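Student: The structure that follows is given in the form of structure tokens.
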Amino acid sequence: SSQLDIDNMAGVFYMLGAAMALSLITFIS
Amino acid sequence: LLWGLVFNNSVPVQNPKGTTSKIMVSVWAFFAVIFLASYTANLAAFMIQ
Amino acid sequence: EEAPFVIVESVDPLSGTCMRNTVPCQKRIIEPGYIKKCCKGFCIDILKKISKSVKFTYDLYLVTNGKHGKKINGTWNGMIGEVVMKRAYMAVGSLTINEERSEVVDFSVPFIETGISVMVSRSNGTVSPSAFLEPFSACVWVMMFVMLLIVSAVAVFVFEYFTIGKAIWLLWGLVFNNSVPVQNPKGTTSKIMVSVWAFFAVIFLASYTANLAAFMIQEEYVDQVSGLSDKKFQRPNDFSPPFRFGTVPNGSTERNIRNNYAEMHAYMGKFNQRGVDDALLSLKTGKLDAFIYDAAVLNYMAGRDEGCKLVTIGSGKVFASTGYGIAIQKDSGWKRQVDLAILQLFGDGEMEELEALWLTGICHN
Amino acid sequence: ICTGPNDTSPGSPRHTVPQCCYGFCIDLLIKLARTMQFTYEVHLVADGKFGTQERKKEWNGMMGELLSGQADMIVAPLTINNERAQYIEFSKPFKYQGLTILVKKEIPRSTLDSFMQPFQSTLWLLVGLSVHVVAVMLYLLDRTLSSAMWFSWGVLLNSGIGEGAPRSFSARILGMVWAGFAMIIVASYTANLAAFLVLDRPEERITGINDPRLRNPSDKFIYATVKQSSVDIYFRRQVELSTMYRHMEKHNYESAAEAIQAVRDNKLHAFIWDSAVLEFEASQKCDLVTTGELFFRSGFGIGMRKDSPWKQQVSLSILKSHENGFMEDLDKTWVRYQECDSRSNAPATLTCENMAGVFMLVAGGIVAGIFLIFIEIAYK
Ligand SMILES: *[C@@H]1O[C@H](CO)[C@@H](O)[C@H](O)[C@H]1NC(C)=O
């Protein structure tokens, strides 16, 4: 279990993409 | 400013102009430290079992 | 019965009978009625195991006078008195062995090797401020310090194509934590180079704290007391009048004390407590600071509750290593036989079984 | 003086020779001289082995030697059992003791060659991908770009060069998630490092005596004792480990120093049972570890021929000596004077190499900077 799993970072890029989408959505305005 | 401070000082901006705020928000950063001081402490802890 | 070798003195009144494990141990009575309780424990079990070795029959006659032997006007009273008055020629139970006892009665080969210790262990502690120059980051530590120092020359070489003290202070403070401001670059050259240095900086902290917490995980904190040779126990008041180290009055050790340490003997005679449970309560009280006695009893007391704040001197290093066991009146010769028996017992690890039966505990171990 | 075999006679019996013998027991015997009024010579044993009644049967070495009559008092570290008890007498033991097992002490051997591993290499790359992409995405979200890489680069790295700030509102909100990402990332790194630093080093892999790897032998673990020793008596009387017992006969020895150097050369993994000597061996060698629970509670005392007039006297002195603490004086004289590090198996690291890797990364980035800088020089 020394090296972490790429899958064992889900929420990381979850929130990443979420922020990116919210960014584009608001920047429409 | 204060948002980024909570986690970690990265970006610059002229915070005060006059020693009033120069004290108030200051103590907030105090809290900030303990915040991190707590967080990591348990996280490692929680990755023990 | 005084300790976990002979303890039992309880009688079952439900059936007038006694459990299978125990054995009748009638005191005389005080016409001595010859009905006391039935006894059990450790030495009793040794005797039971012995029974299967030599054919004989018990008489668990109890004691009536005194706790142990004493040469009252050079006249042995106690268990040794009972054996010297030819009233009974075999006596077992927790009975120390020395020259003086050997003078008349003989001895078997002991089995439970014993000694003199003390137990006062309420105190505690933590690790001294001795691991922050800890084995983590000392030599590599200064190595990184100087490998940092050297970057200044490259900084100069870059700047040529106003900085020196500035650059030094900057990167130094950066290593630990960014606190103070100063215009680091002017031109994207240095803006990259020293940048990667901060990378290193992070991992530095990332390592350091990680081990520090790690290094504060183990915790021994060995106690700090005075052995059986310190002036704290050799000359109490001459060293420190705050000294309350007691013992048992009529005990066997009294021979050793009143024959070799009359100083501490008199200095502690004002603390001769009575019993054992009273000693435990007084040691949990603070009224008596500490006290000294035989080994096995205290090793057992280690398995009590307050013992996890009351343990040995911190060693098996005792005074006058000893042991004890069966004893008989220079006559029967059955010693020979029982000798091998006891050794035969040893030849099997039965002592381990018995110890499991009686001699492990908790708040110790 | 000490009349003994010249070449120790392990096969080539060179004749005797006066040597010098001296130690604790010698002190003891001289005390018993001053208190018993006898004179004497001293000699070694014929074999270099205690003895046992092996197959008619007969006792090897010192036992049979005393039993003959050519000897009249046997003083040495001597165990006690029933067999020897059947023929001779001996007074109370002078040193209680038991058994234990010693193993070549291991080195702490820190493991930080994970200097970039403990998350992944895949992660180490996808993070740079993410930083570049979110950087240029924030740029497009603006409409301060050629250097905007500095912005996110540092905010991950906590640099503080901060030449500017996002003027548009979109990125002026966006940056928060980037900051939090950096915070949680370094947190993660710290946490997994701390966890990965819990993997303890199991040394006494044998639990007392009930460890099956030593209760049923594995070829991965080598082990033995000295032949004809009393320890063999103890085993063969306890038929359980017979196999291991039988097994250990594939490796037995004739001398203690044999197994001593054997575990010293890291081939033999464990020596046994001379506990009251393993203590000095350890506290004077500090490359070895004792362990186990005490097996066979016994004691070294002095044996004498059958029913000699001396028995009754000898014991006396001993207790007399155990009274005045003279024993403990001899202890302090010959015993406590050995000491090495004894805290525990301590966890720590000062790994020059695991950080020398990243220092080399430093030096490499240096020449990378030279090259890229003059590239930009020719560019401009
Ligand atoms: C440590 O010892 C002090 C001294 O009596 C005591 O008050 C305290 O409760 C002890 N604490 C621990 C954790 O041992």
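Using the numbering of Swiss-Prot, the residues shown for chain D are 435-489, 495-582, 602-838, in order.
Just so you know, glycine gets a Cβ as well, placed from its N, Cα and C.
Sharing the feature lines straight out of Swiss-Prot:
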DISULFID  D:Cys436-D:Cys455  disulfide bond
DISULFID  D:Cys744-D:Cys798  disulfide bond
CARBOHYD  D:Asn440  N-linked glycosylation site
CARBOHYD  D:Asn674  N-linked glycosylation site
INTRAMEM  D:603-624  intramembrane segment
TOPO_DOM  D:625-630  topological domain 'Cytoplasmic'
TRANSMEM  D:560-580  transmembrane segment
TRANSMEM  D:631-647  transmembrane segment
TRANSMEM  D:813-833  transmembrane segment
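Relative to the rest of the structure, where do these features sit?
Tutor: The Cβ of D:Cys455 (disulfide bond) lies under 8 Å from the Cβ of D:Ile435, D:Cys436, D:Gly438, D:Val476, each on the same chain and at least six residues away in sequence.
Taking all protein chains in view, 12 other C-beta atoms sit within 10 angstroms of the C-beta of D:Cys798 (disulfide bond).
Its Cβ placed at the centre, D:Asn440 (N-linked glycosylation site) has 12 other Cβ atoms within 10 Å.
Close to D:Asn674 (N-linked glycosylation site) in the fold, though at least 6 residues off in sequence, lie D:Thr701, D:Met702, each with a CB less than 8 Å from its CB.
Within its own chain, the intramembrane segment (D:603-624) has Cβ neighbours under 8 Å at 566, 570-571, 573-575, 577-578, 581, 630, 632-633, 636-637, 640, 643, counting only residues six or more beyond its boundaries.
Beyond the transmembrane segment (D:631-647), the same-chain residues lying 6 or more positions past its ends with a Cβ under 8 Å from any Cβ of the stretch are 557-558, 566, 573, 577, 580, 610, 613-614, 616, 624.
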Student: Provide, as an integer number of angstrom, the distance between the C-alpha atoms of D:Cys798 (disulfide bond) and D:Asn440 (N-linked glycosylation site).
Tutor: 34
Student: To the nearest whole angstrom, state the Cα distance for the pair D:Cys744 (disulfide bond) and D:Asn440 (N-linked glycosylation site).
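Tutor: One finds 31 Å between the Cα atoms of these residues.
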Student: With DSSP as the yardstick, break the topological domain 'Cytoplasmic' (D:625-630) down into helix, strand and coil residue counts.
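Tutor: Residue counts in helix, strand and coil order: 4 helix, 0 strand, 2 coil.
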Student: Within 10 Å of the Cβ of D:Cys436 (disulfide bond), how many other Cβ atoms can be counted across all chains shown?
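Tutor: 15, counting other Cβ atoms within 10 Å of D:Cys436 (disulfide bond).
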Student: Suppose we draw a 10 Å sphere around the Cβ of D:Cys744 (disulfide bond). How many other Cβ atoms does it contain, all chains included?
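Tutor: Result for D:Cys744 (disulfide bond): 14 neighbouring Cβ atoms inside 10 Å.
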Student: Where else in the chain does the topological domain 'Cytoplasmic' (D:625-630) make close Cβ contacts, counting only residues six or more beyond its ends and a cut-off under 8 Å?
Tutor: 577, 580-582, 602
